[PDB]
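Asker: Below you'll find entry-v3.cif; it's mmCIF, C-alpha atoms and all ligand atoms.
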data_final
#
loop_
_atom_site.group_PDB
_atom_site.id
_atom_site.type_symbol
_atom_site.label_atom_id
_atom_site.label_comp_id
_atom_site.auth_asym_id
_atom_site.auth_seq_id
_atom_site.Cartn_x
_atom_site.Cartn_y
_atom_site.Cartn_z
ATOM 1 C CA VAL Y 31 0.000 0.000 0.000
ATOM 2 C CA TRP Y 32 3.071 2.193 -0.426
ATOM 3 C CA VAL Y 33 4.732 1.174 -3.717
ATOM 4 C CA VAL Y 34 2.235 3.088 -5.869
ATOM 5 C CA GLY Y 35 2.890 6.273 -3.882
ATOM 6 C CA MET Y 36 6.636 6.925 -3.818
ATOM 7 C CA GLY Y 37 6.853 6.137 -7.529
ATOM 8 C CA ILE Y 38 4.799 9.241 -8.295
ATOM 9 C CA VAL Y 39 7.119 11.432 -6.215
ATOM 10 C CA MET Y 40 10.222 9.992 -7.874
ATOM 11 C CA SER Y 41 8.699 10.467 -11.338
ATOM 12 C CA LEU Y 42 7.996 14.109 -10.478
ATOM 13 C CA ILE Y 43 11.619 14.479 -9.345
ATOM 14 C CA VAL Y 44 12.869 13.075 -12.659
ATOM 15 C CA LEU Y 45 10.522 15.287 -14.682
ATOM 16 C CA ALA Y 46 11.464 18.417 -12.729
ATOM 17 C CA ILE Y 47 15.196 17.810 -13.153
ATOM 18 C CA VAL Y 48 14.868 17.121 -16.884
ATOM 19 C CA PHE Y 49 12.656 20.146 -17.545
ATOM 20 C CA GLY Y 50 14.806 22.512 -15.492
ATOM 21 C CA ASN Y 51 17.984 21.467 -17.281
ATOM 22 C CA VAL Y 52 16.530 21.385 -20.801
ATOM 23 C CA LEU Y 53 14.816 24.777 -20.613
ATOM 24 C CA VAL Y 54 18.023 26.527 -19.535
ATOM 25 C CA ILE Y 55 20.132 24.721 -22.139
ATOM 26 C CA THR Y 56 17.807 25.575 -25.022
ATOM 27 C CA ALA Y 57 17.335 29.174 -23.847
ATOM 28 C CA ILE Y 58 21.090 29.774 -23.763
ATOM 29 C CA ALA Y 59 21.629 27.981 -27.076
ATOM 30 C CA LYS Y 60 18.888 29.516 -29.216
ATOM 31 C CA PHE Y 61 18.974 33.178 -28.074
ATOM 32 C CA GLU Y 62 21.504 35.776 -29.199
ATOM 33 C CA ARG Y 63 21.683 38.092 -26.186
ATOM 34 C CA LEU Y 64 22.207 35.318 -23.629
ATOM 35 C CA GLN Y 65 25.671 34.313 -24.840
ATOM 36 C CA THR Y 66 28.353 35.449 -22.388
ATOM 37 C CA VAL Y 67 31.717 34.260 -21.022
ATOM 38 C CA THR Y 68 30.103 33.733 -17.617
ATOM 39 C CA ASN Y 69 27.196 31.801 -19.155
ATOM 40 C CA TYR Y 70 29.366 28.960 -20.486
ATOM 41 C CA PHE Y 71 29.941 27.689 -16.944
ATOM 42 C CA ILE Y 72 26.170 27.635 -16.442
ATOM 43 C CA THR Y 73 25.882 25.632 -19.669
ATOM 44 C CA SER Y 74 28.391 23.062 -18.398
ATOM 45 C CA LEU Y 75 26.563 22.801 -15.068
ATOM 46 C CA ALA Y 76 23.230 22.374 -16.862
ATOM 47 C CA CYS Y 77 24.695 19.619 -19.038
ATOM 48 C CA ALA Y 78 26.007 17.797 -15.964
ATOM 49 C CA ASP Y 79 22.641 18.103 -14.204
ATOM 50 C CA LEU Y 80 20.825 16.851 -17.308
ATOM 51 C CA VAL Y 81 23.121 13.821 -17.517
ATOM 52 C CA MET Y 82 22.468 13.112 -13.832
ATOM 53 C CA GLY Y 83 18.702 13.339 -14.272
ATOM 54 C CA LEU Y 84 18.670 11.271 -17.459
ATOM 55 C CA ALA Y 85 20.952 8.448 -16.287
ATOM 56 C CA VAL Y 86 21.443 8.112 -12.534
ATOM 57 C CA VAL Y 87 18.030 8.754 -10.992
ATOM 58 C CA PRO Y 88 15.702 6.354 -12.903
ATOM 59 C CA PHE Y 89 17.968 3.321 -12.510
ATOM 60 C CA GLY Y 90 18.403 3.929 -8.786
ATOM 61 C CA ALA Y 91 14.654 4.426 -8.442
ATOM 62 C CA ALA Y 92 13.959 1.103 -10.144
ATOM 63 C CA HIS Y 93 16.577 -0.617 -7.982
ATOM 64 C CA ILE Y 94 15.063 0.792 -4.782
ATOM 65 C CA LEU Y 95 11.469 -0.066 -5.689
ATOM 66 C CA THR Y 96 11.933 -3.595 -7.035
ATOM 67 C CA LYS Y 97 14.795 -4.399 -4.589
ATOM 68 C CA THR Y 98 16.514 -6.520 -7.283
ATOM 69 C CA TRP Y 99 18.961 -5.212 -9.888
ATOM 70 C CA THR Y 100 17.661 -6.860 -13.065
ATOM 71 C CA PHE Y 101 20.811 -6.180 -15.118
ATOM 72 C CA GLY Y 102 24.442 -7.304 -15.147
ATOM 73 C CA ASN Y 103 27.399 -6.205 -13.051
ATOM 74 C CA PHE Y 104 29.254 -4.248 -15.730
ATOM 75 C CA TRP Y 105 26.141 -2.072 -15.912
ATOM 76 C CA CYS Y 106 26.164 -1.382 -12.168
ATOM 77 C CA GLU Y 107 29.851 -0.459 -12.290
ATOM 78 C CA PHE Y 108 29.080 1.923 -15.160
ATOM 79 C CA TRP Y 109 26.145 3.407 -13.234
ATOM 80 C CA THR Y 110 28.262 4.049 -10.136
ATOM 81 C CA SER Y 111 31.008 5.618 -12.247
ATOM 82 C CA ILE Y 112 28.548 7.929 -14.022
ATOM 83 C CA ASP Y 113 27.011 8.983 -10.703
ATOM 84 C CA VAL Y 114 30.387 9.892 -9.192
ATOM 85 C CA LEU Y 115 31.428 11.725 -12.371
ATOM 86 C CA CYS Y 116 28.281 13.848 -12.506
ATOM 87 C CA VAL Y 117 28.438 14.732 -8.798
ATOM 88 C CA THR Y 118 32.067 15.852 -8.846
ATOM 89 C CA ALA Y 119 31.633 17.767 -12.117
ATOM 90 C CA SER Y 120 28.662 19.675 -10.687
ATOM 91 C CA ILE Y 121 30.495 20.613 -7.485
ATOM 92 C CA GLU Y 122 33.621 21.766 -9.313
ATOM 93 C CA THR Y 123 31.575 23.834 -11.774
ATOM 94 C CA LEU Y 124 29.966 25.526 -8.765
ATOM 95 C CA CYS Y 125 33.362 26.415 -7.311
ATOM 96 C CA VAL Y 126 34.543 27.670 -10.721
ATOM 97 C CA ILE Y 127 31.529 29.994 -10.926
ATOM 98 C CA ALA Y 128 32.307 31.307 -7.439
ATOM 99 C CA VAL Y 129 35.939 31.987 -8.382
ATOM 100 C CA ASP Y 130 34.815 33.813 -11.531
ATOM 101 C CA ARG Y 131 32.513 36.017 -9.443
ATOM 102 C CA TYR Y 132 35.393 36.811 -7.082
ATOM 103 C CA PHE Y 133 37.605 37.791 -10.011
ATOM 104 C CA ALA Y 134 34.852 39.991 -11.444
ATOM 105 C CA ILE Y 135 34.217 41.851 -8.182
ATOM 106 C CA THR Y 136 37.651 42.162 -6.566
ATOM 107 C CA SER Y 137 39.577 43.272 -9.687
ATOM 108 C CA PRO Y 138 37.366 45.102 -12.204
ATOM 109 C CA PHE Y 139 40.082 46.695 -14.356
ATOM 110 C CA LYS Y 140 41.899 43.424 -15.106
ATOM 111 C CA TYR Y 141 38.752 41.286 -15.402
ATOM 112 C CA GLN Y 142 38.862 41.292 -19.210
ATOM 113 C CA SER Y 143 42.516 40.249 -19.393
ATOM 114 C CA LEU Y 144 42.167 37.383 -16.909
ATOM 115 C CA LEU Y 145 39.181 35.627 -18.519
ATOM 116 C CA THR Y 146 38.465 35.546 -22.251
ATOM 117 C CA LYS Y 147 36.536 33.383 -24.714
ATOM 118 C CA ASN Y 148 39.534 31.108 -25.306
ATOM 119 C CA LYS Y 149 40.447 30.661 -21.634
ATOM 120 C CA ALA Y 150 36.968 29.555 -20.512
ATOM 121 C CA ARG Y 151 36.777 26.475 -22.747
ATOM 122 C CA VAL Y 152 40.164 25.280 -21.469
ATOM 123 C CA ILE Y 153 39.007 25.663 -17.858
ATOM 124 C CA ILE Y 154 35.768 23.781 -18.548
ATOM 125 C CA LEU Y 155 37.639 20.946 -20.268
ATOM 126 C CA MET Y 156 40.125 20.748 -17.395
ATOM 127 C CA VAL Y 157 37.285 20.522 -14.863
ATOM 128 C CA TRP Y 158 35.529 17.802 -16.844
ATOM 129 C CA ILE Y 159 38.689 15.746 -17.378
ATOM 130 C CA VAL Y 160 39.716 15.877 -13.718
ATOM 131 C CA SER Y 161 36.156 14.907 -12.768
ATOM 132 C CA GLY Y 162 36.271 11.969 -15.181
ATOM 133 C CA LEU Y 163 39.697 10.780 -14.053
ATOM 134 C CA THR Y 164 38.558 10.694 -10.418
ATOM 135 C CA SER Y 165 35.634 8.328 -11.094
ATOM 136 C CA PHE Y 166 36.152 6.069 -14.128
ATOM 137 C CA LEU Y 167 39.795 5.184 -13.473
ATOM 138 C CA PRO Y 168 39.450 3.913 -9.856
ATOM 139 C CA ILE Y 169 36.080 2.190 -10.408
ATOM 140 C CA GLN Y 170 36.106 0.686 -13.905
ATOM 141 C CA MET Y 171 39.535 -0.656 -13.039
ATOM 142 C CA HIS Y 172 38.802 -2.620 -9.873
ATOM 143 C CA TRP Y 173 40.966 -0.609 -7.486
ATOM 144 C CA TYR Y 174 38.280 0.458 -4.979
ATOM 145 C CA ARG Y 175 37.241 -3.091 -4.050
ATOM 146 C CA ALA Y 176 37.000 -3.979 -0.368
ATOM 147 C CA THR Y 177 38.387 -6.995 1.489
ATOM 148 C CA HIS Y 178 35.409 -7.932 3.690
ATOM 149 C CA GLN Y 179 33.632 -11.278 3.462
ATOM 150 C CA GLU Y 180 30.304 -9.506 2.967
ATOM 151 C CA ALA Y 181 31.958 -7.344 0.304
ATOM 152 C CA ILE Y 182 33.259 -10.328 -1.679
ATOM 153 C CA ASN Y 183 29.912 -12.106 -1.291
ATOM 154 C CA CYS Y 184 28.140 -9.060 -2.736
ATOM 155 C CA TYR Y 185 30.720 -8.707 -5.516
ATOM 156 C CA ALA Y 186 30.380 -12.346 -6.586
ATOM 157 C CA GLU Y 187 26.575 -12.160 -6.619
ATOM 158 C CA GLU Y 188 25.121 -11.031 -9.943
ATOM 159 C CA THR Y 189 21.667 -9.757 -8.980
ATOM 160 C CA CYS Y 190 22.695 -8.028 -5.744
ATOM 161 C CA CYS Y 191 23.959 -4.446 -6.044
ATOM 162 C CA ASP Y 192 25.608 -2.506 -3.220
ATOM 163 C CA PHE Y 193 28.500 -0.119 -2.629
ATOM 164 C CA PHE Y 194 31.598 -0.991 -0.588
ATOM 165 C CA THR Y 195 34.898 0.892 -0.501
ATOM 166 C CA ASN Y 196 38.144 0.888 1.437
ATOM 167 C CA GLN Y 197 38.608 3.776 3.858
ATOM 168 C CA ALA Y 198 41.474 5.325 1.887
ATOM 169 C CA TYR Y 199 39.465 5.628 -1.328
ATOM 170 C CA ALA Y 200 36.480 7.104 0.513
ATOM 171 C CA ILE Y 201 38.689 9.716 2.182
ATOM 172 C CA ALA Y 202 40.441 10.604 -1.074
ATOM 173 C CA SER Y 203 37.206 10.892 -3.062
ATOM 174 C CA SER Y 204 35.538 13.018 -0.382
ATOM 175 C CA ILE Y 205 38.545 15.343 -0.135
ATOM 176 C CA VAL Y 206 38.829 15.759 -3.907
ATOM 177 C CA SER Y 207 35.118 16.271 -4.483
ATOM 178 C CA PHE Y 208 33.711 18.269 -1.549
ATOM 179 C CA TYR Y 209 36.002 19.900 1.010
ATOM 180 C CA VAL Y 210 38.335 21.976 -1.184
ATOM 181 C CA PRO Y 211 35.504 23.564 -3.241
ATOM 182 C CA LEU Y 212 33.677 24.385 0.000
ATOM 183 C CA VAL Y 213 36.730 26.145 1.447
ATOM 184 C CA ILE Y 214 37.263 28.049 -1.809
ATOM 185 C CA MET Y 215 33.622 29.162 -1.911
ATOM 186 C CA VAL Y 216 33.665 30.222 1.749
ATOM 187 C CA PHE Y 217 36.737 32.420 1.278
ATOM 188 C CA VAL Y 218 35.400 33.885 -1.982
ATOM 189 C CA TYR Y 219 32.014 34.816 -0.573
ATOM 190 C CA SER Y 220 33.484 36.265 2.623
ATOM 191 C CA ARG Y 221 35.627 38.598 0.513
ATOM 192 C CA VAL Y 222 32.648 39.500 -1.693
ATOM 193 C CA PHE Y 223 30.558 40.357 1.373
ATOM 194 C CA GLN Y 224 33.349 42.554 2.733
ATOM 195 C CA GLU Y 225 33.495 44.451 -0.567
ATOM 196 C CA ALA Y 226 29.714 44.910 -0.621
ATOM 197 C CA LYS Y 227 29.680 46.236 2.953
ATOM 198 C CA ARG Y 228 32.508 48.655 2.152
ATOM 199 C CA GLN Y 229 30.634 50.041 -0.862
ATOM 200 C CA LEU Y 230 27.406 50.330 1.138
ATOM 201 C CA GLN Y 231 29.231 52.388 3.764
ATOM 202 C CA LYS Y 232 30.916 54.512 1.087
ATOM 203 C CA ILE Y 233 27.587 55.463 -0.499
ATOM 204 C CA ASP Y 234 26.006 56.547 2.791
ATOM 205 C CA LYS Y 235 29.166 58.541 3.477
ATOM 206 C CA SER Y 236 28.083 61.127 0.875
ATOM 207 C CA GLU Y 237 24.418 60.545 -0.052
ATOM 208 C CA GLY Y 238 23.062 61.878 3.222
ATOM 209 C CA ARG Y 239 19.595 63.199 3.977
ATOM 210 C CA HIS Y 269 20.548 43.436 3.904
ATOM 211 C CA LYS Y 270 20.185 42.320 0.287
ATOM 212 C CA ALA Y 271 23.757 41.009 0.237
ATOM 213 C CA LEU Y 272 23.030 38.895 3.317
ATOM 214 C CA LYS Y 273 19.938 37.407 1.666
ATOM 215 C CA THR Y 274 21.727 36.576 -1.589
ATOM 216 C CA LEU Y 275 24.896 35.152 -0.025
ATOM 217 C CA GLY Y 276 22.912 33.263 2.605
ATOM 218 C CA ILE Y 277 20.613 31.558 0.118
ATOM 219 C CA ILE Y 278 23.466 30.756 -2.287
ATOM 220 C CA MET Y 279 25.690 29.194 0.375
ATOM 221 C CA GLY Y 280 22.965 27.612 2.495
ATOM 222 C CA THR Y 281 21.235 25.691 -0.278
ATOM 223 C CA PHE Y 282 24.441 23.921 -1.331
ATOM 224 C CA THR Y 283 25.754 23.380 2.199
ATOM 225 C CA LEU Y 284 22.477 21.981 3.551
ATOM 226 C CA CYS Y 285 21.989 19.775 0.488
ATOM 227 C CA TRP Y 286 25.436 18.184 0.388
ATOM 228 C CA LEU Y 287 27.175 18.548 3.778
ATOM 229 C CA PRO Y 288 25.622 15.664 5.808
ATOM 230 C CA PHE Y 289 26.211 13.066 3.093
ATOM 231 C CA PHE Y 290 29.991 13.474 3.061
ATOM 232 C CA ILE Y 291 30.179 13.469 6.861
ATOM 233 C CA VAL Y 292 28.354 10.126 6.859
ATOM 234 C CA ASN Y 293 30.601 9.018 3.989
ATOM 235 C CA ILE Y 294 33.684 9.526 6.151
ATOM 236 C CA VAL Y 295 32.016 8.145 9.275
ATOM 237 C CA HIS Y 296 30.826 4.762 8.035
ATOM 238 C CA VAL Y 297 34.285 3.862 6.730
ATOM 239 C CA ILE Y 298 36.124 5.143 9.801
ATOM 240 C CA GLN Y 299 33.782 3.076 11.998
ATOM 241 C CA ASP Y 300 31.563 0.297 10.687
ATOM 242 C CA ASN Y 301 28.922 -0.145 13.390
ATOM 243 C CA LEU Y 302 27.540 3.401 13.413
ATOM 244 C CA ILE Y 303 25.782 3.876 10.063
ATOM 245 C CA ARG Y 304 23.051 1.648 8.637
ATOM 246 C CA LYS Y 305 22.373 1.115 4.942
ATOM 247 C CA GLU Y 306 19.083 3.070 4.894
ATOM 248 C CA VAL Y 307 20.254 6.382 6.375
ATOM 249 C CA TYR Y 308 23.100 6.322 3.852
ATOM 250 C CA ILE Y 309 20.699 5.946 0.927
ATOM 251 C CA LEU Y 310 18.380 8.655 2.266
ATOM 252 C CA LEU Y 311 21.186 11.173 2.762
ATOM 253 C CA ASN Y 312 22.582 10.345 -0.680
ATOM 254 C CA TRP Y 313 19.161 10.896 -2.267
ATOM 255 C CA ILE Y 314 18.846 14.235 -0.464
ATOM 256 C CA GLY Y 315 21.850 15.494 -2.424
ATOM 257 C CA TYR Y 316 20.368 14.516 -5.789
ATOM 258 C CA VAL Y 317 17.575 17.098 -5.530
ATOM 259 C CA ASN Y 318 20.213 19.853 -5.412
ATOM 260 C CA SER Y 319 20.801 19.570 -9.169
ATOM 261 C CA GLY Y 320 17.093 20.266 -9.628
ATOM 262 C CA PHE Y 321 17.120 23.505 -7.638
ATOM 263 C CA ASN Y 322 20.357 24.834 -9.137
ATOM 264 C CA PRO Y 323 18.920 26.305 -12.393
ATOM 265 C CA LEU Y 324 16.225 28.032 -10.336
ATOM 266 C CA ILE Y 325 18.698 29.695 -7.972
ATOM 267 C CA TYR Y 326 21.473 30.602 -10.419
ATOM 268 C CA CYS Y 327 19.479 31.685 -13.490
ATOM 269 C CA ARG Y 328 17.204 34.583 -12.521
ATOM 270 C CA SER Y 329 18.468 37.476 -14.663
ATOM 271 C CA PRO Y 330 15.797 39.835 -16.063
ATOM 272 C CA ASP Y 331 16.991 39.306 -19.638
ATOM 273 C CA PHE Y 332 16.956 35.563 -18.976
ATOM 274 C CA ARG Y 333 13.343 35.752 -17.792
ATOM 275 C CA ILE Y 334 12.615 37.761 -20.944
ATOM 276 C CA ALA Y 335 14.152 34.851 -22.851
ATOM 277 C CA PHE Y 336 11.721 32.511 -21.096
ATOM 278 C CA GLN Y 337 8.881 34.873 -22.031
ATOM 279 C CA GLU Y 338 9.568 34.420 -25.747
ATOM 280 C CA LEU Y 339 9.728 30.621 -25.504
ATOM 281 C CA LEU Y 340 6.319 30.265 -23.850
HETATM 282 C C1 LIG S 1 26.206 5.652 -5.693
HETATM 283 N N1 LIG S 1 26.388 6.673 -4.647
HETATM 284 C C2 LIG S 1 27.731 7.293 -4.597
HETATM 285 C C3 LIG S 1 28.641 6.587 -3.574
HETATM 286 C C4 LIG S 1 29.934 7.364 -3.158
HETATM 287 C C5 LIG S 1 30.150 8.769 -3.737
HETATM 288 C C6 LIG S 1 29.066 9.484 -4.276
HETATM 289 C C7 LIG S 1 29.322 10.772 -4.795
HETATM 290 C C8 LIG S 1 30.579 11.348 -4.789
HETATM 291 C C9 LIG S 1 31.693 10.676 -4.259
HETATM 292 O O1 LIG S 1 32.926 11.184 -4.227
HETATM 293 C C10 LIG S 1 31.465 9.350 -3.719
HETATM 294 O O2 LIG S 1 32.478 8.674 -3.207
HETATM 295 C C11 LIG S 1 27.666 8.829 -4.281
HETATM 296 O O3 LIG S 1 26.870 9.412 -5.260
#
Show me this structure written as structure tokens.

Answerer:
Amino acid sequence: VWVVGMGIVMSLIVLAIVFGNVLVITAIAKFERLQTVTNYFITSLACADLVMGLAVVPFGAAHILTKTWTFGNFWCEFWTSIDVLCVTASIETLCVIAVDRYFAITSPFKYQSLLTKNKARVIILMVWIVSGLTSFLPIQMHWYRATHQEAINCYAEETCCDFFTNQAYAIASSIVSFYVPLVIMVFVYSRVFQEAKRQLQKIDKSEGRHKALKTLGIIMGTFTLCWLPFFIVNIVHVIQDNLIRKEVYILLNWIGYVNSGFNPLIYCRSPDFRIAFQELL
């Protein structure tokens, strides 16, 4: 009396992610005024989110509902690799956008020289290749395999699908994918807030006779609340085995998936971009 219910919610999640990614991609592609050096990063992020929504979510949904993975083992390895790739690519694109905003605000005179049309494609390709090398190489080549009896029993079984890793690989993946971008974003947005406060004081210095907090708070809080608990649990269950069950792990992982859905809504809100929506519909 509960299978017919959660399926509807998961289908709505899939539809929302697909629609949110596709609308942004087509709006940027087919409209002349929208093209900008800063909009290419948004295009890369939208592509990563679309790949996530198209590939990762439905297969995991089917696996959760029917409780039996009705495909091979090569397919499950590929699915895990694609999931890791998409997650790390999304996070690194976020940190790249934050760094670009810092460069734009802190140094306005030299902003043109630092970033150009040629230098953005190279950065995007570098981000994508480092994201790909972190996931496919250690997974597709069986270098992350564990040494537990339950782990080998699960690995030998064809139908059963589950995730087991050694502690070292979990630590390395978490460090590469989450912590460093978070530190970079924190420093960037602290500096941006300081600059905004300084300008706000400077204006009221002469023009005699808030919003920055709202914007920075929403931008940081959405990402931090969506993704922070999952990586803490990721470290914890491999440092100590008894603490974390297999259901809390899945729930906290699935919490982070919805972040890709909200990202186009929070990042793309420019008035010209809404005008671009207006023409489409
Ligand atoms: C299938 N779930 C995976 C399992 C581990 C993992 C994820 C995402 C990023 C990482 O760096 C990881 O190590 C999760 O999406």

Asker: Quick one: distance from atom CA of residue 170 of chain Y to atom CA of residue 78 of chain Y in Å, one decimal?

Answerer: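 Result for atom CA of residue 170 of chain Y versus atom CA of residue 78 of chain Y: 20.0 Å, one decimal.
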
Asker: Could you give me, as CSV, every chain Y residue with an atom at most 7 Å from ligand LIG 1 (chain S), plus its closest atom pair and distance in Å to one decimal, counting all atoms listed in the file, rows ordered by chain then number?

Answerer:
residue,atom,partner,partner_atom,distance
Y:110,CA,S:LIG1,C1,5.2
Y:113,CA,S:LIG1,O3,5.5
Y:114,CA,S:LIG1,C7,4.6
Y:117,CA,S:LIG1,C8,5.7
Y:118,CA,S:LIG1,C8,6.2
Y:193,CA,S:LIG1,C3,6.8
Y:200,CA,S:LIG1,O2,5.7
Y:203,CA,S:LIG1,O1,4.4
Y:204,CA,S:LIG1,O1,5.0
Y:207,CA,S:LIG1,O1,5.5
Y:312,CA,S:LIG1,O3,6.3

Asker: Which neighbours of residue 62 of chain Y fall inside 12 Å, counting only C-alpha atoms, when residues of the same chain fewer than 6 positions from it are skipped, and could you give them as a list in words?

Answerer: residues 56, 331, 332 and 335 of chain Y

Asker: Print the selection's residues with C-alpha atoms to a file, as a PDB file, keeping the file's coordinate frame.

Answerer:
ATOM      1  CA  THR Y  56      17.807  25.575 -25.022  1.00  0.00           C
ATOM      2  CA  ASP Y 331      16.991  39.306 -19.638  1.00  0.00           C
ATOM      3  CA  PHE Y 332      16.956  35.563 -18.976  1.00  0.00           C
ATOM      4  CA  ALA Y 335      14.152  34.851 -22.851  1.00  0.00           C
TER       5      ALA Y 335
END

Asker: Quote the spacing between atom CA of residue 57 of chain Y and atom CA of residue 83 of chain Y in Å to one decimal place.

Answerer: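 So the two atoms, atom CA of residue 57 of chain Y and atom CA of residue 83 of chain Y, lie 18.6 Å apart.
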
Asker: Considering only C-alpha atoms, return as a PyMOL selection string whatever protein or nucleic-acid residues lie within 6 Å of segment 172-186 of chain Y, sequence-local ones (same chain, fewer than 4 positions apart) excluded.

Answerer: chain Y and resi 168+195-196

Asker: Please produce an output containing C-alpha atoms for each residue in the selection, written as a PDB file, in the frame of the given file.

Answerer:
ATOM      1  CA  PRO Y 168      39.450   3.913  -9.856  1.00  0.00           C
ATOM      2  CA  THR Y 195      34.898   0.892  -0.501  1.00  0.00           C
ATOM      3  CA  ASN Y 196      38.144   0.888   1.437  1.00  0.00           C
TER       4      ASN Y 196
END

Asker: Which is closer to residue 163 of chain Y than all the others in Y:32, Y:74, Y:112, Y:137, using only C-alpha atoms?

Answerer: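 Going through Y:32, Y:74, Y:112, Y:137 one by one, the smallest distance to residue 163 of chain Y is for Y:112.
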
Asker: Atom CA of residue 218 of chain Y and atom CA of residue 134 of chain Y, how far apart in Å?

Answerer: 11.3 Å

Asker: Under the rule that only C-alpha atoms are counted, which of Y:55, Y:208, Y:48, Y:37 is the nearest residue to residue 119 of chain Y?

Answerer: Y:208

Asker: Given 5 Å on each side, where is the centre and what are the edge lengths in Å to one decimal of the axis-aligned box enclosing the listed atoms of segment 172-179 of chain Y, as JSON?

Answerer:
{"center_x": 37.3, "center_y": -5.4, "center_z": -3.1, "size_x": 17.3, "size_y": 21.7, "size_z": 23.6}

Asker: Could you tell me which residues the PyMOL selection byres (((chain Y and resi 226-232) around 12) and not hetatm) grabs in this file, written as a ChimeraX atom specification?

Answerer: /Y:132,135-136,219-225,233-238,269-272,274-275

Asker: Wanna dump the segment 196-270 of chain Y-segment 121-126 of chain Y contacts at 10 Å for me, each residue with its shortest atom pair and the distance in Å to one decimal, counting only C-alpha atoms, ordered by chain and number, as a tab-separated table?

Answerer:
residue	atom	partner	partner_atom	distance
Y:206	CA	Y:122	CA	9.6
Y:207	CA	Y:121	CA	7.0
Y:208	CA	Y:121	CA	7.1
Y:210	CA	Y:125	CA	9.1
Y:211	CA	Y:125	CA	5.4
Y:212	CA	Y:125	CA	7.6
Y:213	CA	Y:125	CA	9.4
Y:214	CA	Y:125	CA	6.9
Y:215	CA	Y:125	CA	6.1
Y:216	CA	Y:125	CA	9.8
Y:218	CA	Y:125	CA	9.4

Asker: On this structure, which residues satisfy the PyMOL selection byres (((chain Y and resi 309) around 12) and not hetatm), written as a list in words?

Answerer: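 For this structure, the PyMOL selection byres (((chain Y and resi 309) around 12) and not hetatm) captures residues 90, 91, 93, 94, 192, 193, 288, 289, 292, 293, 303, 304, 305, 306, 307, 308, 310, 311, 312, 313, 314, 315 and 316 of chain Y.
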
Asker: Take the selection from the previous step and output its residues with C-alpha atoms, as a PDB file, in the frame of the given file.

Answerer:
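Generated output (again.pdb):
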ATOM      1  CA  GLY Y  90      18.403   3.929  -8.786  1.00  0.00           C
ATOM      2  CA  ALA Y  91      14.654   4.426  -8.442  1.00  0.00           C
ATOM      3  CA  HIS Y  93      16.577  -0.617  -7.982  1.00  0.00           C
ATOM      4  CA  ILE Y  94      15.063   0.792  -4.782  1.00  0.00           C
ATOM      5  CA  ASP Y 192      25.608  -2.506  -3.220  1.00  0.00           C
ATOM      6  CA  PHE Y 193      28.500  -0.119  -2.629  1.00  0.00           C
ATOM      7  CA  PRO Y 288      25.622  15.664   5.808  1.00  0.00           C
ATOM      8  CA  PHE Y 289      26.211  13.066   3.093  1.00  0.00           C
ATOM      9  CA  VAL Y 292      28.354  10.126   6.859  1.00  0.00           C
ATOM     10  CA  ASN Y 293      30.601   9.018   3.989  1.00  0.00           C
ATOM     11  CA  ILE Y 303      25.782   3.876  10.063  1.00  0.00           C
ATOM     12  CA  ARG Y 304      23.051   1.648   8.637  1.00  0.00           C
ATOM     13  CA  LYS Y 305      22.373   1.115   4.942  1.00  0.00           C
ATOM     14  CA  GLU Y 306      19.083   3.070   4.894  1.00  0.00           C
ATOM     15  CA  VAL Y 307      20.254   6.382   6.375  1.00  0.00           C
ATOM     16  CA  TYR Y 308      23.100   6.322   3.852  1.00  0.00           C
ATOM     17  CA  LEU Y 310      18.380   8.655   2.266  1.00  0.00           C
ATOM     18  CA  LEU Y 311      21.186  11.173   2.762  1.00  0.00           C
ATOM     19  CA  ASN Y 312      22.582  10.345  -0.680  1.00  0.00           C
ATOM     20  CA  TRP Y 313      19.161  10.896  -2.267  1.00  0.00           C
ATOM     21  CA  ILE Y 314      18.846  14.235  -0.464  1.00  0.00           C
ATOM     22  CA  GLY Y 315      21.850  15.494  -2.424  1.00  0.00           C
ATOM     23  CA  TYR Y 316      20.368  14.516  -5.789  1.00  0.00           C
TER      24      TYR Y 316
END
